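Spelled out, the chains give:
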Amino acid sequence: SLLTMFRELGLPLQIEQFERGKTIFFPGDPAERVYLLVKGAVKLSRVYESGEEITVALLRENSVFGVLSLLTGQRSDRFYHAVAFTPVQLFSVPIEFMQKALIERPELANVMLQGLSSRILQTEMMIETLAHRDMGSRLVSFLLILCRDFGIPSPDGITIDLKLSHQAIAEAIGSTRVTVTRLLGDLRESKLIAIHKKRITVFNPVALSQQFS
Amino acid sequence: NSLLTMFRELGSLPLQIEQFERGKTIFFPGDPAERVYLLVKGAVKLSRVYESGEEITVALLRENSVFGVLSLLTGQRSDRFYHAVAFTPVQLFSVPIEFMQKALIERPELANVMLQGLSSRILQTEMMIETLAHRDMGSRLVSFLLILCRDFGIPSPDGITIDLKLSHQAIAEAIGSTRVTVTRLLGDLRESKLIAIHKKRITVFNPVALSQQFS
Amino acid sequence: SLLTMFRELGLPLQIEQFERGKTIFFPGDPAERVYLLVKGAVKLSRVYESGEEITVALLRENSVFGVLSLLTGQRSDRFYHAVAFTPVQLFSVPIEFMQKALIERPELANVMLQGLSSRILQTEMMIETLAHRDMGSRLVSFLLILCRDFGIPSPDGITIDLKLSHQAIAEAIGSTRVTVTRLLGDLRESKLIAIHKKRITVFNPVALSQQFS
Amino acid sequence: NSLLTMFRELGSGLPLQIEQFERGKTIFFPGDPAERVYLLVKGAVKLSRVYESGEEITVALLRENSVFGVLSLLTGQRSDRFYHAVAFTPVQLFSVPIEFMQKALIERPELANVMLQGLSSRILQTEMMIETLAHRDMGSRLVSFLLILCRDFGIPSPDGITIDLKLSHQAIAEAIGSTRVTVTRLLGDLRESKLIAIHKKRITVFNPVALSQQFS
Amino acid sequence: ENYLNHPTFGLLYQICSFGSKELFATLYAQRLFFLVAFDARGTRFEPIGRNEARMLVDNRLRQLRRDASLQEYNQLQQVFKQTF
Amino acid sequence: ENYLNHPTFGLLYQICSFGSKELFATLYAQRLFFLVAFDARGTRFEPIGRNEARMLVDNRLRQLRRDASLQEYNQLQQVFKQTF
Amino acid sequence: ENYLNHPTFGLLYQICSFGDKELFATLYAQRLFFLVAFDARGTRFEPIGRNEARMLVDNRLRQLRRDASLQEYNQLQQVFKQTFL
DNA sequence: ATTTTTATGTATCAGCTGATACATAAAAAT
DNA sequence: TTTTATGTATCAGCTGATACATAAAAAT
DNA sequence: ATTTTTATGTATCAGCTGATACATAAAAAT
DNA sequence: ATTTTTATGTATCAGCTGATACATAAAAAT
Ligand SMILES: O=C(O)CCC(=O)C(=O)O
Ligand SMILES: O=C(O)CCC(=O)C(=O)O
Ligand SMILES: O=C(O)CCC(=O)C(=O)O
Ligand SMILES: O=C(O)CCC(=O)C(=O)O
């Protein structure tokens, strides 16, 4: 439905192609558009003056972002760094075309509030993860989310179908790349995970989740 | 603005404002998620409870906020998982999913005003992510205090009194810490003369100044 | 000679009049002028963005200031706040007409370097004052300079011929106005000073200086 | 730039020879007739007042290409000094008389320009010190002074700026109007704040700008 | 440092006055800015973005140096360096 | 964050490159600014004031976006923020 | 204790009279001294240093001793004492 | 009104974790 | 090359865990 | 090479001084 | 003339910071 409805806002609307590592929007841009991720992964991050990046969320397919535009319109300027973490396809409909499109289709407004809802919970799910104190517990919680969103079925477990750097992980769970490396190595000695072609693979996810009783 | 106005016209006529007293729970984990809420006056505490008996505050919501957002994804079929308690005296609306199905196709004006409400939620939840993503528990606490001042702060003689009574544990539950550490850090803010607790309420001074530190 | 030489750098050159509290130059103005105070007192101060004022020097008659203009010319912008602390008469010749006037008169070049020298020493004298440890000693040291530059002979002592706010004094000595008064009160009980018409009057200036052996 | 070049050509015949001074050597004492103008070429010059109580107060600590001995310009040989010009460090300098200068100024109008340039710099540097001592917070006052040191004698270092000159806690205390003990006290508090480090009796600041940002 | 409660966005704080529309902004890292109109009609709001709001406070700083006082210049100076 | 010892004014630090002329500034509050060029002799410092120095780093920011990386701009953005 | 305002140096105070030629001096730490020629427009501030200034006050002390009033000898003793002792 | 249950202040030490620095592997540059 | 990512080792100092006295709040 | 004078780190305690707040007098304002 | 804004006197705290004293390291003296 989301994929289907956004096809019809514009004449159709073209699927925009974005390459590996390309930025979608920068802080300073007028928020005049609403986006919808179709294929791949998108990293939303905050950047400080100290040069530090903090991952807000790593979004998956059929997710709505660019949600600032819905509050004041093009009036407000962006503040996060929307980068395609992987090769990505998306739609990019304007706010003024959306004000049109919402009164036009009440079926679409249904479809949209569906996508928005999912976002709240997924972002709130992340709050749970970061609210842990044990960095061990905090990391696994995060790992489970990745496997949920980007994991593909594998011979012995689930391989997180995307290449992830230790710093990228560290930026997401509020830690240094060092500690990420330390704790991952301890799970490799516990043989709960495996790193295949720079890809993190989970062993018996459920058993890992059962540690969250 | 329109959210309070729009929710008024889904009618049991309109729909009655439900009154809830202080500390009263609105929903528990295990309830069928068949409704969406809109807070009108006061504060709503959403928390997760573990088997260990531990509470973790997910978000502390303000006026004109939409919650109970599970109901819009599958409908009545799913059961809740968070603990929605009235943190203060609260007024709210409570419309069903099946009455909403009708209400959405009825008014695409409300569809607009609803997605506006849900947008606000994303940001406020994302705002909290920033706070907890800090390393320095000192920095993490102030960041959290800024949000409370943003959402519940009232103008005061010398600063900003956060217009709600907050327990040290309730703060500790929201920022991933113990009551002890909250107390110690607050005491260090009293020595830095940045806060004051007057009638059990936290009062910051020119918080502006505190926010710069978080360039 | 300073008063006499500045007269002839124009045709003649008109004496600029300024009332009490009037600013002469602000930070951000291009330094293109060289000044000479004729009657009264000039306060040079630094302003912080916190709103705080610091007195650099309180200049007396026949003093040369606006000295930045001599370094690059009009190219540099000022950063101190030149304010007429009292009713004031001044001369204000430009740098490009000065380039002419100095090679014109080698008599004034002597009279000018005399002026600049005096400034260095008076500013260095202030360094001595503030390099004190005892705020009591520091205040009297400053008071002695005031009496030297602005003090008039009086029935029972020397009245410093200008009205000063404790704050002005404080900003100059880098302390709290209270402390200023506090200390003053203590010299009144020791009866070394009297405040008549808001003017500071020292009893036997020599006696106070003897405390700085 | 030109100051070092111009002073070269006011010679005993000839050029003028570069006078050498060892560490701790005094250049002029109180009571000497002020008949000469100096220019420091390399190292540091400490100007101080001495009291009868035995107390020293640092007026300014001068750097390369600085003009001093400015008393001689007012009356000439007629006046006697009152400050204590000691060679803070190994130092090289020129030492032209006032009567040699009277001729040298009418000789070269180019030097006249280059001289008033040097004197201007002095006013500012001395006025800059006024700003520093006009602080109330001794913590603020010390950092302000340290910033100057760096500015004048700081060399680039691995992690910050090492002031390329040795410092005595008392020497610092004499300059910022304090006792040796406090100086040590405040410096230790900056070591806990890890804004400074002392390696081999040499002080070293980090993120200098960052220190300056604290004085908005 | 003057405060105002926006119905949707919560607490706001004043940046500068103009003539009298005052500029206000959000409290957590000032991502949004608001132009207010205290008409008898009541509180009229008007949202603006970073790019516009930056140059607008910038204009007021230039206005106070040219034809205005200093105390207010000095304090707005701190406000500007705080926000941008 | 590159340093250079000016004969008269002592230590200086680099603001930005251009092409390769660099902007430098004084250490105590960046009270002034210097345009430097590495001739075999260098010996070529050109002083400039706040107003000119402001718009000059400002042009470099825009230029970066128009035609340069993010961080070179990310980094000089830090610098402009600290001095201005 | 007579005062005179020097254009460049500001306030001065009289040390000893002389036959004209009143020695004057600077007020802060008395760091300089001046020979003032009080002639009709004959005003002159001829600068002198401590070494010459010291022996010059000293000379007038002896001068009042042989053939000069006690009262004025007594007073000049004060000035010498304050400036030099 | 008596109780009691829950929240708070205070004081210690053990260990994970951030900061710093280095060797080595992997991957992007080039 | 050349950049970037990763493993390994070692620290200092927060901060979580544990335990107790006392005040405040809810229960009764 | 021997001595010895000067510089530094650490520990304590008594009191001036900055911060805060209030009443009252003096000066500007109108 | 009134008012009211600005300057001054008083009272009380907490915490820097100067004074005092000692052991040890570094530098100059020898
Ligand atoms: O909406 C924006 O402009 C930034 C935030 C965002 O894209 C989002 O969270 O969806
Ligand atoms: O929607 C849920 O079930 C949990 C989260 C929530 O209640 C909300 O944010 O509205
Ligand atoms: O000369 C300047 O511009 C600043 C210092 C000053 O005002 C002066 O002494 O002349
Ligand atoms: O001018 C003098 O003779 C003493 C002080 C000094 O040389 C100076 O600061 O220039």
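Calculation criteria
- Residues numbered from 1 in each chain as written, not as in the entry; some residues may be left out.
- Chains lettered and ligands numbered in written order.
- Heavy atoms only, no water.
- Residues with missing side-chain atoms left out of burial classes, pairs and counts.
- UniProt positions renumbered as here; feature names shortened; annotations may be inferred.
- Helix = DSSP H or I, 4+ residues; strand = E, 2+ residues; numbered from the N terminus.
- Near = heavy atom within 4 Å.
- Polar contact = N/O pair within 3.5 Å; in protein donor to acceptor, adjacent residues only side chain to side chain.
- Areas by Shrake-Rupley, 256 points an atom, 1.4 Å probe, with all protein chains shown as cover.
- Nonpolar A, V, L, I, M, F, W, Y, C, P; charged D, E, K, R; others polar.

Novice: Looking at this structure, how should I read the UniProt feature "DNA-binding region" in chain A?
Specialist: The residues that UniProt annotates with the feature "DNA-binding region" are residues 166-185 of chain A. The straight-line gap between the two end C-alpha atoms of residues 166-185 of chain A is 12 Å; of that span, 85% is helix and 0% is strand.

Novice: Whenever I open this one, the site of ligand 4 confuses me. Can you help?
Specialist: By nearness alone, every residue bordering ligand 4 is listed as C:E124, D:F28, D:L47, D:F68, D:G69, D:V70, D:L71, D:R81, D:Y83 and D:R122. A distance of 2.7 Å is found between an oxygen atom of ligand 4 and a side-chain nitrogen or oxygen belonging to C:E124. Between ligand 4 and D:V70, the relevant distance is 3.4 Å, taken from an oxygen atom to a main-chain nitrogen or oxygen of the residue. The protein chains hide 100% of the 280 Å² of surface that ligand 4 would expose on its own. Considering only residue class, the shell around ligand 4 consists of 6 nonpolar, 1 polar and 3 charged.

Novice: How do you make sense of the site of ligand 3 when you look at a structure like this?
Specialist: Lining the immediate environment of ligand 3, one finds C:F25, C:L44, C:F65, C:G66, C:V67, C:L68, C:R78, C:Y80, C:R119 and D:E127. Near ligand 3, residues from chains C and D are present, making the site a shared one. The backbone of C:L68 places a nitrogen or oxygen atom 2.7 Å from an oxygen atom of ligand 3. The separation between an oxygen atom of ligand 3 and a polar side-chain atom of C:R78 is 2.9 Å. Along the lines of polarity and charge, the residues of the shell around ligand 3 split into 6 nonpolar, 1 polar and 3 charged.

Novice: Explain the protein's contact with DNA strand J to me, please; I cannot follow it from the model alone.
Specialist: DNA strand J sits among 13 residues. The nearest are C:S175, C:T176, C:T179, D:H169 and D:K201. A breakdown of the atoms of DNA strand J within 4 Å of the protein gives sugar and phosphate a share of 68%. Contacts to DNA strand J include D:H169, whose backbone N or O atom sits 2.9 Å from a phosphate oxygen. D:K201 has a polar side-chain atom sitting 2.8 Å from a sugar or linking oxygen of DNA strand J. Counting only elements with at least two residues in the surface near DNA strand J, the list comes to α6 (177-189) of chain C together with α6 (180-192) of chain D. In terms of residue class, the surface near DNA strand J is built from 3 nonpolar, 6 polar and 4 charged.

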